[PDB]
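For reference, the structure is listed below as structure tokens.
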Amino acid sequence: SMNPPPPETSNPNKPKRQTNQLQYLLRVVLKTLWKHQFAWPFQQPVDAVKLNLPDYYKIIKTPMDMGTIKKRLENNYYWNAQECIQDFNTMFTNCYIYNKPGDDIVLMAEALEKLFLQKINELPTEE
Ligand SMILES: O=NC1=c2cc/c(=c3/nc(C4CCNCC4)[nH]c3=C3C=CNC=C3)cc2CC1
């Protein structure tokens with residue numbers, strides 16, 4: 001049921017920046033979501049083989065998860081905050097594509113997304 005390689009968390013030829021907004025995304029946004037009671041499905045790439053979701057990566061062609069995001073932030077992988085925000089948005093939207101309203105995974109994504117947006121609304125202005 002083979003899994004694809006997980007998304008990269010480093011890329012030496014990719015140009016990178018550190019910004020106060022990206023630091024906030026790690027210290028506040030990622031850390032807050034990571035500790036949540038509904039974080040567990042999202043702390044690592046979907047193991048479609050072991051979870052018996054054989055069509056997961058047949059439907060989801062741009063997978064993303066908070067384990068990947070956490071390592072990207074720790075590795076200063078991003079050029080700007082928007083790039084990181086895009087990864088969270090991909091993670092949530094993949095759930096809404098793969099699953100139906102009311103599925104536990106969707107309820108979890110929705111709760112995390114609500115919290116994510118609350119924290120993003122307080123993103124500091126870039127210094
Ligand atoms: O859109 N579908 C998604 C989906 C489906 C299932 C899971 C999921 N992930 C796990 C992990 C938890 C840690 N141990 C390895 C397995 N376990 C599960 C799991 C197991 C049983 N029931 C629900 C989820 C994670 C996700 C993220 C997006």
Side-chain angles (χ1 to χ4, degrees):
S1 200
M2 189 189 174
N3 290 316
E8 65 181 21
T9 57
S10 63
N11 180 332
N13 284 336
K14 183 180 189 299
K16 302 161 175 77
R17 289 166 71 248
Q18 277 230 67
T19 75
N20 66 315
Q21 300 182 318
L22 280 157
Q23 292 174 317
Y24 178 90
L25 280 162
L26 179 55
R27 172 181 70 79
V28 173
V29 185
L30 186 285
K31 174 165 293 100
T32 296
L33 266 64
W34 188 268
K35 292 183 166 185
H36 196 271
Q37 65 180 329
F38 296 158
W40 61 266
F42 305 102
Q43 288 175 322
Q44 61 285 307
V46 170
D47 185 348
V49 174
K50 191 51 172 174
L51 291 170
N52 194 20
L53 300 171
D55 67 344
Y56 185 82
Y57 294 109
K58 291 198 181 297
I59 297 183
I60 297 307
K61 302 305 189 188
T62 308
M64 187 53 55
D65 67 281
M66 293 200 293
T68 295
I69 295 169
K70 180 177 186 288
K71 284 167 182 162
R72 286 176 173 196
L73 285 166
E74 288 166 352
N75 287 349
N76 303 305
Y77 178 82
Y78 298 107
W79 179 255
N80 59 27
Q82 100 195 137
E83 192 182 348
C84 179
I85 290 165
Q86 284 172 335
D87 283 345
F88 281 99
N89 284 336
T90 294
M91 181 182 80
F92 297 134
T93 52
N94 287 343
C95 292
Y96 310 143
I97 292 170
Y98 189 69
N99 298 273
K100 285 189 180 181
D103 283 349
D104 284 340
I105 190 76
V106 172
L107 297 176
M108 294 170 88
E110 286 172 326
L112 294 176
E113 185 168 42
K114 176 180 179 176
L115 181 56
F116 173 77
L117 293 174
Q118 180 181 51
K119 300 311 184 177
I120 292 303
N121 187 64
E122 288 149 9
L123 189 68
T125 300
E126 185 173 1
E127 67 189 53

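FYI, side chains are in, hydrogens and waters are out, and symmetry mates aren't considered; it's all heavy atoms of this structure. Counting begins at 1 with the first residue of the sequence. Start at 1 and go down the list; that is how both ligands and their atoms are numbered.
Salt bridge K114/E110: absent, no basic N to carboxylate O contact under 4.0 Å.
Closer than 4.0 Å to atom 27 (C) of ligand 1 lies at least one heavy atom of the protein. Protein non-hydrogen atoms do reach within 4.0 Å of atom 2 (N) of ligand 1.
Between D103, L53, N94, it is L53 that holds the heavy atom closest to atom 5 (C) of ligand 1.
The shortest contact between atom 23 (C) of ligand 1 and any protein heavy atom is with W40 CH2, 4.3 Å. Atom 25 (C) of ligand 1 has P41 O, 3.3 Å as its closest protein atom, hydrogens excluded (heavy atom only). Looking from atom 8 (C) of ligand 1 to the surrounding protein, the closest heavy atom is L51 CD1, 3.6 Å.
The shortest heavy-atom contact between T68 and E8 is CG2-O, 4.2 Å. Taking each heavy atom of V46 and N3 in turn, the nearest pair found is O-OD1, 4.0 Å. Counting all heavy atoms, side chain and backbone alike, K14 lies closest to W79 at NZ-N, 4.0 Å.
By the 3.5 Å distance cut-off applied to N or O atoms, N99 is counted among the residues near ligand 1.
Every atom of ligand 1 is numbered from 1 in the order shown, and the set under 4.0 Å from a heavy atom of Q44 is 11 (C), 12 (C), 13 (C). The contact set between ligand 1 and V46, taken as ligand atoms under 4.0 Å from a residue heavy atom, comprises 26 (C), 27 (C), 28 (C). For ligand 1 and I105, the ligand atoms under 4.0 Å from any heavy atom of the residue are 1 (O), 2 (N), 3 (C), 4 (C), 26 (C), 27 (C), 28 (C). In the vicinity of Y98, heavy-atom distances shorter than 4.0 Å reach the ligand 1 atoms 1 (O), 2 (N).
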